[PDB]
Amino acid sequence: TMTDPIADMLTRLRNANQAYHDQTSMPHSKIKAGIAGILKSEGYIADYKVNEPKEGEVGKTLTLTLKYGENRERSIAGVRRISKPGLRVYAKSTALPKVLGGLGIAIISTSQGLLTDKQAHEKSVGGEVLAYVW
Amino acid sequence: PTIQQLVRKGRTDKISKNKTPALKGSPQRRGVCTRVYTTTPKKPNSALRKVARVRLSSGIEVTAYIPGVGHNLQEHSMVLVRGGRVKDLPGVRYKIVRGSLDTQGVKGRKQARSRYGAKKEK
RNA sequence: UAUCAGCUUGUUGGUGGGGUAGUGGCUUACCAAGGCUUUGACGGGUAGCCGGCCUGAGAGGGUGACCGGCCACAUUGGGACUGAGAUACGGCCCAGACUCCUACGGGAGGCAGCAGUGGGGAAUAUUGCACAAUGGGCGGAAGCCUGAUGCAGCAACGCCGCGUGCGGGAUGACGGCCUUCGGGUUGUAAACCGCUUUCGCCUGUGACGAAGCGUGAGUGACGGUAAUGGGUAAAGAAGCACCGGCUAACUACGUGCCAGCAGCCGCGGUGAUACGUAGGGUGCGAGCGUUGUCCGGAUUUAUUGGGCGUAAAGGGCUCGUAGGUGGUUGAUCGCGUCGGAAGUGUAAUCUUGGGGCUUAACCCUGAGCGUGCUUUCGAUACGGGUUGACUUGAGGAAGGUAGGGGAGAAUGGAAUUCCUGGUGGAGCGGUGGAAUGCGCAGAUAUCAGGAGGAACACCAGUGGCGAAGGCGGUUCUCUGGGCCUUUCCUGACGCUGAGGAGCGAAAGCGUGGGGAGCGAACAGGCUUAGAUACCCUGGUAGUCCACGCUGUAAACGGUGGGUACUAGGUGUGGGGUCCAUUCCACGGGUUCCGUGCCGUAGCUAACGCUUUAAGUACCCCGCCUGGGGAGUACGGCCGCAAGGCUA
RNA sequence: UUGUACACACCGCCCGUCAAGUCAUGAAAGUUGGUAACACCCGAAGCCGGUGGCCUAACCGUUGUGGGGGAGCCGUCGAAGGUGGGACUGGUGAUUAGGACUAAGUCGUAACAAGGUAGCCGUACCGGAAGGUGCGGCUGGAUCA
RNA sequence: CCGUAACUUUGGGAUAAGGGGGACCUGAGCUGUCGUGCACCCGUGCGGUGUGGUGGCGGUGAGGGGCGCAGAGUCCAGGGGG
RNA sequence: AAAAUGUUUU
Ligand SMILES: [Mg+2]
Ligand SMILES: [Mg+2]
Ligand SMILES: [Mg+2]
Ligand SMILES: [Mg+2]
Ligand SMILES: [Mg+2]
Ligand SMILES: [Mg+2]
Ligand SMILES: [Mg+2]
Ligand SMILES: [Mg+2]
Ligand SMILES: [Mg+2]
Ligand SMILES: [Mg+2]
Ligand SMILES: [Mg+2]
Ligand SMILES: [Mg+2]
Ligand SMILES: [Mg+2]
Ligand SMILES: [Mg+2]
Ligand SMILES: [Mg+2]
Ligand SMILES: [Mg+2]
Ligand SMILES: [Mg+2]
Ligand SMILES: [Mg+2]
Ligand SMILES: [Mg+2]
Ligand SMILES: [Mg+2]
Ligand SMILES: [Mg+2]
Ligand SMILES: [Mg+2]
Ligand SMILES: [Mg+2]
Ligand SMILES: [Mg+2]
Ligand SMILES: [Mg+2]
Ligand SMILES: [Mg+2]
Ligand SMILES: [Mg+2]
Ligand SMILES: [Mg+2]
Ligand SMILES: [Mg+2]
Ligand SMILES: [Mg+2]
Ligand SMILES: [Mg+2]
Ligand SMILES: [Mg+2]
Ligand SMILES: [Mg+2]
Ligand SMILES: [Mg+2]
Ligand SMILES: [Mg+2]
Ligand SMILES: [Mg+2]
Ligand SMILES: [Mg+2]
Ligand SMILES: [Mg+2]
Ligand SMILES: [Mg+2]
Ligand SMILES: [Mg+2]
Ligand SMILES: [Mg+2]
Ligand SMILES: [Mg+2]
Ligand SMILES: [Mg+2]
Ligand SMILES: [Mg+2]
Ligand SMILES: [Mg+2]
Ligand SMILES: [Mg+2]
Ligand SMILES: [Mg+2]
Ligand SMILES: [Mg+2]
Ligand SMILES: [Mg+2]
Ligand SMILES: [Mg+2]
Ligand SMILES: [Mg+2]
Ligand SMILES: [Mg+2]
Ligand SMILES: [Mg+2]
Ligand SMILES: [Mg+2]
Ligand SMILES: [Mg+2]
Ligand SMILES: [Mg+2]
Ligand SMILES: [Mg+2]
Ligand SMILES: [Mg+2]
Ligand SMILES: [Mg+2]
Ligand SMILES: [Mg+2]
Ligand SMILES: [Mg+2]
Ligand SMILES: [Mg+2]
């Protein structure tokens with residue numbers, strides 16, 4: 001059964017980006033919506049939208065529309081899940097990870113909401129290292 | 001393996017085989033020559049490699065090679081035995097230190113003298 | 001360490017007393033029956049622990065010398081005494097083992113204090129000086145004691161520093177070595193010329209450590225030491241390893257698979273850059289090699305950081321216990337998590353900033369580090385706890401439905417064999433060819449009748465079902481699971497699952513039954529050099545049934561289960577639903593679940609896999625760590641045995 | 001073109017007995033040690049608990065002593081020793097088993113090609129040895145499509 | 001009363017082996033049974049029943065103590081293990 | 001249709 005819906009989101013995004021799909025969809029959760037929002041604010045996806053259920057009439061659907069540049073070029077070089085259900089990863093304000101030498105962003109869930117490493121370091125707050133999207 | 005599998009049963013290293021058990025944690029050991037003889041090497045080589053069955057002071061008896069052209073040690077000759085394998089000789093894992101105790105340095109050495117216990121000549 | 005699974009009876013708890021500096025089964029009496037343990041008790045093995053040290057990019061791995069902290073011990077075992085304080089090292093008592101004295105009655109002793117001896121060992125020092133300094137004991141004090149300590153001796157054992165010369169010198173001298181006999185090389189090397197004097201040697205001066213101590217006088221073990229002036233002579237001062245590749249550096253002579261070399265690959269069999277020597281060279285240098293040991297390289301136990309289709313590796317399969325793990329969401333707690341504050345993390349080490357030794361090693365000093373822990377105050381995104389919702393995961397109801405799923409019983413036909421009878425007569429059978437064999441005592445063949453056991457042609461594969469092993473005559477009885485469906489119900493009840501349990505082809509085993517055909521063993525015939533085989537004729541267990549046992553297979557898709565996502569194309573099995581003509585069905589669609597083939601992205605060492613993954617991901621389990629030895633030995637468990645399992 | 005374990009290239013490679021030697025290891029009547037304990041018997045020192053007729057300067061006396069103490073003695077515990085039966089483990093052992101390596105020994109040719117009977121897996125029996133055969137399974141075989 | 005091996009057909013081997021205690025005096029409490037008696041069910045006038053009785057008799061006894069060379073003090077009555 | 005084998009050079 002489903003164990004890590006965040007990892008499911010990440011793998012859905014990775015597979016869709018690899019297959020050059022314009023949009024991907026998944027069941028909605030608050031943390032998924034937050035990660036999608038910070039992905040959009042960091043420019044890794046074109047946009048995102050939460051849709052009220054009208055096909056299954058059961059639950060909200062989170063849909064990410066991706067962006068490909070000139071000559072069909074990926075805007076996401078990769079995404080990786082860090083804090084797995086089997087083994088969870090927490091980083092302090094001083095030991096915050098760097099992704100792609102600082103080019104990519106680690107997504108960290110801090111006590112002040114979802115914050116990209118750069119943000120956390122500015123606020124000197126750590127938390128659970130969710131992802132390494134770059 | 002999963003993280004839970006590693007937690008339940010961790011990694012275990014290899015055994016790290018020992019090479020010279022008879023020395024018993026010593027760089028070299030004293031022994032007495034219980035037998036001095038020659039052995040034919042394994043193929044593809046061919047010779048009359050000079051070896052000795054030695055009763056080392058650890059109580060273990062092993063076969064030691066005698067390096068260098070020249071040889072004086074015989075029955076009940078006290079020798080110093082160091083590590084060192086002779087590849088084309090099955091069962092020989094030790095060598096006899098020339099120039100120490102009864103065994104003496106190779107006579108006509110002029111190069112690599114220290115490895116054969118040959119004093120410098122004026 | 002499970003090839004140690006049970007341990008404990010003052011043991012676990014209670015009450016009263018006793019005891020002690022003190023709590024306490026510490027002790028005692030009485031009462032109760034606890035306590036510990038597969039998250040590894042009990043037992044075995046090894047070991048003083050740490051600050052640190054070595055290695056490593058780090059994570060780690062190895063280690064516990066000096067120095068510093070704690071512990072334990074002082075000939076072995078036990079015991080108390082004295083005391084503020086006792087494992088009482090240089091105390092006492094008893095016993096044991098030792099050594100010594102003895103007048104034989106009895107006494108004395110304990111270097112794991114410092115130095116030293118014997119011994120063991122590859123291996124580790126002087127039976128030194130001083131209490132001048134610092135520390136300690138006693139004394140009011142002068143002072144006394146201090147093998148603590150400060151020093152010296154010894155050893156290249158480690159680290160660091162310095163020297164063995166510097167400049168000039170072509171005529172590129174001799175001599176070695178090589179040669180193509182031209183020369184090349186050693187080589188600016190030498191000779192020769194001019195310089196310098198660190199260290200060593202000779203001689204002079206000569207401390208600091210003492211702002212101490214002492215009423216004073218006086219007072220430095222180290223010590224004529226360090227430092228330093230003068231003198232001597234370029235002199236008193238260079239070795240070791242290596243030169244086939246990794247690996248910096250090559251030739252000649254000698255040897256001829258000999259002598260020997262080697263870390264691996266390998267070298268030596270007459271042109272050896274690999275053996276031995278020489279010249280030349282290279283790396284290091286008061287060292288250089290070898291051996292031992294550790295870490296690295298080794299991502300070669302992979303948390304960082306690996307894998308399991310065929311390379312070593314998926315349990316034969318499922319059920320299920322502990323455990324691990326958890327769809328959406330409200331509230332709350334603030335354990336994980338995160339952020340401050342305080343305390344602590346001695347010193348030394350280590351990193352780093354300053355300073356001192358002529359520099360360095362080393363030393364002093366400031367800071368950092370001390371990766372944690374405790375206390376306390378905050379934050380609430382996530383994990384978790386508590387609590388309440390939701391239905392999409394999961395299960396259920398109702399209806400629809402496919403099938404060699406299983407068990408039991410009865411029963412159908414063909415064929416084989418045997419039996420009885422009729423007919424008929426010379427062979428039949430069998431092979432590459434034969435023979436053994438059967439047959440005039442009538443076989444083979446042929447027809448009729450009967451008995452019996454076993455397997456179910458066609459349907460039937462490109463298919464169905466089952467967790468796997470597997471499952472095919474028909475009928476009935478009993479029974480398991482799957483699939484679909486719009487409504488319906490419950491509301492995360494899910495997934496996986498160590499150990500454990502069950503199921504598990506065939507062969508095999510036990511008791512009884514049955515026995516047609518087939519057929520290990522066996523007998524004979526052939527083939528053959530032989531034929532313990534292939535082939536042929538016979539033929540017993542077995543194959544069959546009932547009830548058990550065994551528990552293994554190339555038990556294979558050599559691919560664990562669950563879930564989500566990622567081109568298609570094209571067969572086929574099952575359930576729906578839609579359409580037109582029907583008012584059947586042919587047909588097309590569409591949807592859900594199977595089962596094949598082709599094939600993109602992607603992956604793979606390749607072969608190949610590719611929505612039924614070996615792709616992209618998350619959860620849990622099993623397993624691998626070079627080939628043999630070996631799935632073997634020993635032990636234990638299971639079994640009637642064969643053997644299986646663990647290893 | 002297909003198969004291959006051959007590449008010294010089928011005059012290839014390669015398997016197992018037997019014979020010889022060497023090394024390590026297992027079994028074994030036994031034999032020889034070691035360690036850790038257990039149950040009893042005895043039990044020193046000692047502390048504690050009793051007792052003390054004997055010995056007692058401080059205390060008190062009715063000044064004949066008493067109090068209190070001490071030697072001694074007894075009891076519990078108790079090191080060591082004794083006795084006994086087990087547990088674990090090292091060496092060794094006539095004899096025996098297989099493993100590894102070495103003649104360039106003997107006997108066959110089992111596998112690798114359809115290896116000349118396709119191979120292999122489990123099991124069973126048989127055989128100097130490889131192996132042979134039965135039963136079920138696999139393709140890591142193939143013929144013919 | 002404690003404890004007991006190889007092996008095993010799991011029954012055994014086994015009384016394996018190897019240990020401790022025993023008698024005498026005193027004796028706390030615990031019990032078997034009966035008991036005049038208390039109350040009570042009485043179907044009483046039943047040949048009864050359940051509570052309930054200081055006691056008698058018997059059994060058993062923790063602890064304490066005595067004596068001897070010796071406490072299963074005589075008779076009686078396995079030796080054991082390989 | 002069965003039809004075996006191929007030491008040690010340097
Ligand atoms: Mg108490
Ligand atoms: Mg020790
Ligand atoms: Mg350690
Ligand atoms: Mg120390
Ligand atoms: Mg005292
Ligand atoms: Mg003392
Ligand atoms: Mg002391
Ligand atoms: Mg002493
Ligand atoms: Mg000493
Ligand atoms: Mg010695
Ligand atoms: Mg002083
Ligand atoms: Mg003074
Ligand atoms: Mg003195
Ligand atoms: Mg080179
Ligand atoms: Mg030559
Ligand atoms: Mg490593
Ligand atoms: Mg290494
Ligand atoms: Mg690997
Ligand atoms: Mg896998
Ligand atoms: Mg494999
Ligand atoms: Mg499987
Ligand atoms: Mg199994
Ligand atoms: Mg559970
Ligand atoms: Mg959750
Ligand atoms: Mg919430
Ligand atoms: Mg410092
Ligand atoms: Mg300086
Ligand atoms: Mg510190
Ligand atoms: Mg919660
Ligand atoms: Mg139904
Ligand atoms: Mg049946
Ligand atoms: Mg058919
Ligand atoms: Mg098929
Ligand atoms: Mg509801
Ligand atoms: Mg089982
Ligand atoms: Mg069967
Ligand atoms: Mg049978
Ligand atoms: Mg039978
Ligand atoms: Mg036959
Ligand atoms: Mg199968
Ligand atoms: Mg397997
Ligand atoms: Mg599984
Ligand atoms: Mg999977
Ligand atoms: Mg499909
Ligand atoms: Mg793979
Ligand atoms: Mg076995
Ligand atoms: Mg080859
Ligand atoms: Mg043995
Ligand atoms: Mg006693
Ligand atoms: Mg006393
Ligand atoms: Mg008195
Ligand atoms: Mg006593
Ligand atoms: Mg004792
Ligand atoms: Mg023997
Ligand atoms: Mg063959
Ligand atoms: Mg064959
Ligand atoms: Mg046969
Ligand atoms: Mg018995
Ligand atoms: Mg007895
Ligand atoms: Mg009594
Ligand atoms: Mg008696
Ligand atoms: Mg009697």
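Hydrogens, waters and symmetry mates play no part in the numbers below; they use all other heavy atoms, side chains included. In what follows, every chain begins at residue 1, and chains take the letters A, B, ... in the order their sequences are listed.
Although no hydrogens or angles enter the test, the distance criterion places a donor-acceptor pair under 3.5 Å between the side chain of B:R98 and the main chain of B:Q104.
Evaluation of atom-type donor-acceptor distances gives a pair under 3.5 Å for the side chain of A:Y90 against the base of C:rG336.
For C:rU386 with C:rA361, the Watson-Crick or G-U wobble criterion does not hold with each of the two distances under 3.5 Å. Pairing between C:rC265 and C:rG244: present (Watson-Crick or G-U wobble, both distances under 3.5 Å).
For C:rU401, the base adopts the anti conformation, since its glycosidic angle falls more than 90 degrees from zero. Glycosidic conformation of C:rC556: anti, with the torsion beyond 90° of 0.
Across C:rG266 and C:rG307, the matching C1' atoms stand 35 Å from one another, rounded to whole Å.
Residues B:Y65 and B:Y94 keep their aromatic ring centres 6.0 Å or farther apart.
Under a stacking criterion requiring six-membered ring centres under 5.5 Å apart and planes under 30°, the adjacent bases D:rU65 and D:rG66 are classed as stacked.
Remark: A:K40 engages A:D47 in a salt bridge, criterion side-chain N to carboxylate O under 4.0 Å.
Residues B:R53 and B:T63 have side chains that bring a donor and an acceptor to within less than 3.5 angstrom of each other. B:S77 and B:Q74 form no side-chain donor-acceptor contact under 3.5 Å, judged by distance and modelled atom types alone.
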Subject >> nucleotides 260-266 of chain C: protein proximity per nucleotide (B base, S sugar-phosphate only, - neither; heavy atom, under 4.0 Å) >> reply: BBBSSSB
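Residue contacts shown for B:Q4 are limited to sugar-phosphate atoms, with no base heavy atom under 4.0 Å away.
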